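Asker: turn this into a structure:
(2 chains)
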Number of protein chains: 2
Amino acid sequence: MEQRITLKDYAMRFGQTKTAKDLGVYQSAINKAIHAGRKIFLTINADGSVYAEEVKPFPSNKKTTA
Amino acid sequence: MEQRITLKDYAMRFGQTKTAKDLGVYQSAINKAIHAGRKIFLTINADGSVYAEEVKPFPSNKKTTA
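Answerer: Numbering: from 1, shown residues only, chains lettered A, B, ... in the order given. Right below this line is the structure:
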């Protein structure tokens, strides 16, 4: 079991204040992350753990299949 | 244990012209990815296929996991 949600879906659907309180970062760090609109996923474990990671295929533009 | 080479080891040990030919990208795209050193790995599927991806933890570098 493990709650997997994007940093923007957990901060927007639950609140950036709680996403920054669980990750420790400040609201300016969670807002800057959403500002980069990059691949920032959030791997929260049932133990109230927050494991945000970054994963984006290169390059940034262009289009390819997985 | 697939072939995992960094975009810098495949473009420097083989050439940025060949690495861009497998990923079908621009030479300035592999040069900017190497200049940003944003954890850009190059996974070459055993089928001679290429799959460059990005992967970095948040925020800077998790010191202790859980």
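Asker: buried residues, the longest helix along chain A. List them.
Answerer: What stands out as the longest helix in chain A, according to DSSP state H, is helix A:27-36. For helix A:27-36, a neighbour-count test (16 or more other CB atoms under 10 Å in any protein chain shown) marks A:30, A:33, A:34 as buried. Yep, even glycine has a C-beta here, placed from its N, CA and C like the rest.
Asker: does the top strand by length along chain A reach chain B?
Answerer: Using DSSP state E, we find that the single longest strand of chain A is strand A:49-57. Yes - applying CB under 8 Å from any CB of the partner chain, one finds strand A:49-57 touching chain B at A:49, A:51, A:52, A:53, A:54, A:55, A:56, A:57.
Asker: near the first one, how many other residues are there?
Answerer: A count of nearby residues for residue A:49, using other CB atoms under 10 Å in any protein chain shown, gives 14.
Asker: show me which residues of chain A sit near chain B.
Answerer: Within reach of chain B by CB under 8 Å from any CB, chain A has these residues: A:7, A:23, A:25, A:29, A:33, A:39-40, A:45, A:47, A:49, A:51-59, A:62, A:64.
Asker: rerun that using 10 Å as the cut-off
Answerer: Residues of chain A lying close to chain B by CB under 10 Å from any CB of the partner chain are A:7, A:23-25, A:29-30, A:32-33, A:38-43, A:45, A:47, A:49-62, A:64, A:66.
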